[PDB]
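Report on the structure given below.
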Amino acid sequence: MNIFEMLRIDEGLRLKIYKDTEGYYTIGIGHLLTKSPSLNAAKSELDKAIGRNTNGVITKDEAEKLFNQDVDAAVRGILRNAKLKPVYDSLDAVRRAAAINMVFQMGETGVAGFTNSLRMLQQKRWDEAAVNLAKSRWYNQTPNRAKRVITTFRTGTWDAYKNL
Ligand SMILES: Fc1c(Cl)c(F)c(Cl)c(F)c1Cl
């Protein structure tokens with residue numbers, strides 16, 4: 001198990017434009033195209049991302065290319081964010097993957113409200129942190145995924161993913 005395998009499980013793989021859990025146009029391995037309700041706008045974003053005129057369908061190789069870029073972008077974003085870098089640096093590699101997972105799903109803006117959770121994680125108060133993380137829109141809207149990510153933060157193991 002690693003961050004790539006983990007997000008592959010959580011996001012799936014679809015080669016045609018689909019709507020994510022929030023109703024937003026997406027492709028590949030959870031590559032958000034746009035929050036716009038216009039399919040044409042989404043198709044434009046896809047073409048720009050891939051570098052060719054696609055009309056809504058990509059190959060597995062192309063999906064994996066975008067996926068690698070997205071994982072890279074999430075990490076680089078954490079490292080440039082003053083509110084996130086210290087907590088990330090304080091973690092082991094397994095829990096770091098859980099951090100990347102969250103940023104991949106909700107972005108840096110989606111995680112701005114997790115200040116108290118972040119403190120508890122840096123304090124290594126794993127059970128308290130797990131309890132706090134679940135008190136969120138995130139947990140309520142995607143409970144099964146959140147539970148897996150939270151278990152990863154609580155235990156520092158891959159137990160929530162090893163069966164999957
Ligand atoms: F280190 C982190 C980071 Cl960078 C992050 F964005 C979240 Cl949501 C998190 F929980 C942890 Cl531990």
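As shown in the structure tokens, the chain order sets the letters A, B, ...; within each chain, residues go from 1, and ligands are also counted from 1 in the order they appear.
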Counting only C-alpha atoms and all ligand atoms, what are the residues of chain A within 7 Å of ligand 1, and for each of them which pair of atoms is the nearest and at what distance in Å, to one decimal? Sort the table by chain and rising number, as JSON lines.
```
{"residue": "A:78", "atom": "CA", "partner": "ligand 1", "partner_atom_place_in_ligand_line": "4 (Cl)", "distance": 4.9}
{"residue": "A:84", "atom": "CA", "partner": "ligand 1", "partner_atom_place_in_ligand_line": "4 (Cl)", "distance": 4.0}
{"residue": "A:85", "atom": "CA", "partner": "ligand 1", "partner_atom_place_in_ligand_line": "4 (Cl)", "distance": 5.6}
{"residue": "A:87", "atom": "CA", "partner": "ligand 1", "partner_atom_place_in_ligand_line": "1 (F)", "distance": 4.3}
{"residue": "A:88", "atom": "CA", "partner": "ligand 1", "partner_atom_place_in_ligand_line": "1 (F)", "distance": 3.3}
{"residue": "A:91", "atom": "CA", "partner": "ligand 1", "partner_atom_place_in_ligand_line": "1 (F)", "distance": 6.9}
{"residue": "A:95", "atom": "CA", "partner": "ligand 1", "partner_atom_place_in_ligand_line": "12 (Cl)", "distance": 6.8}
{"residue": "A:96", "atom": "CA", "partner": "ligand 1", "partner_atom_place_in_ligand_line": "1 (F)", "distance": 6.2}
{"residue": "A:99", "atom": "CA", "partner": "ligand 1", "partner_atom_place_in_ligand_line": "11 (C)", "distance": 4.3}
{"residue": "A:100", "atom": "CA", "partner": "ligand 1", "partner_atom_place_in_ligand_line": "6 (F)", "distance": 6.6}
{"residue": "A:102", "atom": "CA", "partner": "ligand 1", "partner_atom_place_in_ligand_line": "8 (Cl)", "distance": 5.2}
{"residue": "A:103", "atom": "CA", "partner": "ligand 1", "partner_atom_place_in_ligand_line": "6 (F)", "distance": 5.3}
{"residue": "A:108", "atom": "CA", "partner": "ligand 1", "partner_atom_place_in_ligand_line": "6 (F)", "distance": 6.7}
{"residue": "A:111", "atom": "CA", "partner": "ligand 1", "partner_atom_place_in_ligand_line": "8 (Cl)", "distance": 5.4}
{"residue": "A:114", "atom": "CA", "partner": "ligand 1", "partner_atom_place_in_ligand_line": "8 (Cl)", "distance": 6.4}
{"residue": "A:117", "atom": "CA", "partner": "ligand 1", "partner_atom_place_in_ligand_line": "10 (F)", "distance": 6.6}
{"residue": "A:118", "atom": "CA", "partner": "ligand 1", "partner_atom_place_in_ligand_line": "10 (F)", "distance": 5.6}
{"residue": "A:121", "atom": "CA", "partner": "ligand 1", "partner_atom_place_in_ligand_line": "12 (Cl)", "distance": 5.5}
```
If you keep N, CA, C and O atoms, can you produce a file of those selected residues as a PDB file, in the first residue's frame?
```pdb
ATOM      1  N   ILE A  78       0.546  21.292   0.188  1.00  0.00           N
ATOM      2  CA  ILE A  78       0.753  21.123   1.628  1.00  0.00           C
ATOM      3  C   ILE A  78       2.049  21.802   2.077  1.00  0.00           C
ATOM      4  O   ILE A  78       2.062  22.550   3.064  1.00  0.00           O
ATOM      5  N   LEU A  84      -0.345  23.912   7.218  1.00  0.00           N
ATOM      6  CA  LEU A  84      -0.345  22.471   6.944  1.00  0.00           C
ATOM      7  C   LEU A  84       1.039  21.824   7.010  1.00  0.00           C
ATOM      8  O   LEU A  84       1.172  20.675   7.444  1.00  0.00           O
ATOM      9  N   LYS A  85       2.061  22.557   6.577  1.00  0.00           N
ATOM     10  CA  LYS A  85       3.425  22.021   6.520  1.00  0.00           C
ATOM     11  C   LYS A  85       3.947  21.484   7.873  1.00  0.00           C
ATOM     12  O   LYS A  85       4.498  20.382   7.911  1.00  0.00           O
ATOM     13  N   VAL A  87       2.342  20.268  10.530  1.00  0.00           N
ATOM     14  CA  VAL A  87       1.673  19.026  10.922  1.00  0.00           C
ATOM     15  C   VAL A  87       2.136  17.875  10.031  1.00  0.00           C
ATOM     16  O   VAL A  87       2.464  16.791  10.520  1.00  0.00           O
ATOM     17  N   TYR A  88       2.209  18.139   8.727  1.00  0.00           N
ATOM     18  CA  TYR A  88       2.686  17.149   7.757  1.00  0.00           C
ATOM     19  C   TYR A  88       4.106  16.669   8.087  1.00  0.00           C
ATOM     20  O   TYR A  88       4.356  15.466   8.152  1.00  0.00           O
ATOM     21  N   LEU A  91       4.486  14.098  10.981  1.00  0.00           N
ATOM     22  CA  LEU A  91       3.912  12.761  10.800  1.00  0.00           C
ATOM     23  C   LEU A  91       4.881  11.739  10.200  1.00  0.00           C
ATOM     24  O   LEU A  91       5.834  12.107   9.504  1.00  0.00           O
ATOM     25  N   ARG A  95       0.754   8.154   7.934  1.00  0.00           N
ATOM     26  CA  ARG A  95      -0.149   9.263   8.260  1.00  0.00           C
ATOM     27  C   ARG A  95      -0.027  10.436   7.280  1.00  0.00           C
ATOM     28  O   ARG A  95      -1.015  11.133   7.002  1.00  0.00           O
ATOM     29  N   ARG A  96       1.174  10.639   6.737  1.00  0.00           N
ATOM     30  CA  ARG A  96       1.372  11.605   5.649  1.00  0.00           C
ATOM     31  C   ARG A  96       0.472  11.294   4.448  1.00  0.00           C
ATOM     32  O   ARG A  96      -0.086  12.214   3.836  1.00  0.00           O
ATOM     33  N   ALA A  99      -2.978  12.487   5.137  1.00  0.00           N
ATOM     34  CA  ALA A  99      -3.006  13.940   4.904  1.00  0.00           C
ATOM     35  C   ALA A  99      -3.160  14.295   3.423  1.00  0.00           C
ATOM     36  O   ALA A  99      -3.983  15.153   3.063  1.00  0.00           O
ATOM     37  N   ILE A 100      -2.363  13.649   2.572  1.00  0.00           N
ATOM     38  CA  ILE A 100      -2.439  13.871   1.119  1.00  0.00           C
ATOM     39  C   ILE A 100      -3.829  13.507   0.591  1.00  0.00           C
ATOM     40  O   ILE A 100      -4.388  14.237  -0.235  1.00  0.00           O
ATOM     41  N   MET A 102      -6.781  13.611   2.118  1.00  0.00           N
ATOM     42  CA  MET A 102      -7.686  14.712   2.467  1.00  0.00           C
ATOM     43  C   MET A 102      -7.549  15.928   1.551  1.00  0.00           C
ATOM     44  O   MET A 102      -8.554  16.468   1.083  1.00  0.00           O
ATOM     45  N   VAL A 103      -6.314  16.357   1.295  1.00  0.00           N
ATOM     46  CA  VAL A 103      -6.066  17.509   0.411  1.00  0.00           C
ATOM     47  C   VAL A 103      -6.499  17.212  -1.031  1.00  0.00           C
ATOM     48  O   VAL A 103      -7.084  18.071  -1.698  1.00  0.00           O
ATOM     49  N   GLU A 108      -6.952  22.665  -0.184  1.00  0.00           N
ATOM     50  CA  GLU A 108      -6.510  23.456   0.965  1.00  0.00           C
ATOM     51  C   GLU A 108      -7.617  24.330   1.568  1.00  0.00           C
ATOM     52  O   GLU A 108      -7.657  24.538   2.781  1.00  0.00           O
ATOM     53  N   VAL A 111     -10.059  22.288   3.714  1.00  0.00           N
ATOM     54  CA  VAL A 111      -9.488  21.828   4.978  1.00  0.00           C
ATOM     55  C   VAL A 111      -9.151  22.958   5.973  1.00  0.00           C
ATOM     56  O   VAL A 111      -8.674  22.694   7.085  1.00  0.00           O
ATOM     57  N   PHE A 114     -10.061  22.652   9.722  1.00  0.00           N
ATOM     58  CA  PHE A 114      -9.561  21.510  10.493  1.00  0.00           C
ATOM     59  C   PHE A 114      -8.443  21.867  11.486  1.00  0.00           C
ATOM     60  O   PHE A 114      -7.690  20.994  11.910  1.00  0.00           O
ATOM     61  N   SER A 117      -8.240  19.688  14.739  1.00  0.00           N
ATOM     62  CA  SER A 117      -7.806  18.340  14.349  1.00  0.00           C
ATOM     63  C   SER A 117      -6.301  18.321  14.098  1.00  0.00           C
ATOM     64  O   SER A 117      -5.601  17.426  14.567  1.00  0.00           O
ATOM     65  N   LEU A 118      -5.825  19.331  13.366  1.00  0.00           N
ATOM     66  CA  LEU A 118      -4.410  19.474  13.015  1.00  0.00           C
ATOM     67  C   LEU A 118      -3.521  19.559  14.255  1.00  0.00           C
ATOM     68  O   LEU A 118      -2.478  18.898  14.328  1.00  0.00           O
ATOM     69  N   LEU A 121      -3.368  16.130  15.940  1.00  0.00           N
ATOM     70  CA  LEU A 121      -2.475  15.261  15.162  1.00  0.00           C
ATOM     71  C   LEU A 121      -0.999  15.576  15.415  1.00  0.00           C
ATOM     72  O   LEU A 121      -0.194  14.656  15.588  1.00  0.00           O
TER      73      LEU A 121
END
```
Using DSSP assignments from the backbone, pull out every residue in chain A that falls under helix (DSSP H, G or I) and give it to me as a VMD selection string. chain A and resid 3 to 11 39 to 50 60 to 80 85 to 90 93 to 110 115 to 122 126 to 133 137 to 141 143 to 155 159 to 162
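All residues of protein, DNA or RNA that reach within 12 Å of residue 61 of chain A, judged by only C-alpha atoms and not counting those fewer than 3 positions away in the chain, are residues 13, 15, 28, 29, 50, 58, 64, 65, 66, 67 and 68 of chain A.
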Expected file contents, prior selection, N, CA, C and O atoms, as a compact mmCIF listing (two decimals), in the first residue's frame:
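What ended up in again-v4.txt:
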```txt
# COMPACT_ATOMS: atom_id res chain seq x y z
N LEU A 13 -11.56 4.41 -10.95
CA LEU A 13 -11.05 4.80 -12.27
C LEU A 13 -12.17 4.74 -13.30
O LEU A 13 -12.74 3.67 -13.55
N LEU A 15 -13.09 6.34 -17.34
CA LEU A 15 -12.42 6.94 -18.50
C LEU A 15 -13.26 7.94 -19.30
O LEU A 15 -12.76 8.57 -20.23
N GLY A 28 -11.14 10.19 -14.90
CA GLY A 28 -9.98 9.40 -14.49
C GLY A 28 -10.05 8.95 -13.04
O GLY A 28 -11.04 8.36 -12.61
N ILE A 29 -8.99 9.25 -12.30
CA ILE A 29 -8.89 8.87 -10.89
C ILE A 29 -9.14 10.11 -10.04
O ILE A 29 -8.22 10.71 -9.48
N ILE A 50 -5.27 17.48 -20.98
CA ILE A 50 -4.68 16.37 -21.76
C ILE A 50 -3.78 16.86 -22.90
O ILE A 50 -2.81 16.18 -23.28
N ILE A 58 -10.89 9.57 -22.24
CA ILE A 58 -9.42 9.45 -22.19
C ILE A 58 -8.99 7.99 -22.03
O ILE A 58 -9.82 7.11 -21.75
N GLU A 64 -3.82 8.02 -15.64
CA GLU A 64 -2.71 7.86 -14.69
C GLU A 64 -1.73 9.04 -14.73
O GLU A 64 -1.15 9.40 -13.69
N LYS A 65 -1.55 9.63 -15.91
CA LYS A 65 -0.70 10.83 -16.04
C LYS A 65 -1.27 12.00 -15.22
O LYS A 65 -0.56 12.60 -14.41
N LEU A 66 -2.56 12.29 -15.41
CA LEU A 66 -3.25 13.30 -14.60
C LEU A 66 -3.21 12.99 -13.10
O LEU A 66 -3.04 13.89 -12.28
N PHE A 67 -3.36 11.71 -12.76
CA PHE A 67 -3.36 11.25 -11.36
C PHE A 67 -2.02 11.57 -10.67
O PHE A 67 -1.99 12.15 -9.58
N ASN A 68 -0.92 11.22 -11.34
CA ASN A 68 0.42 11.52 -10.82
C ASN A 68 0.62 13.02 -10.60
O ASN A 68 1.13 13.44 -9.56
```
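Relative to atom CA of residue 18 of chain A, atom CA of residue 32 of chain A is found at 9.7 Å.
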A straight line from atom CA of residue 41 of chain A to atom CA of residue 25 of chain A spans 9.4 Å
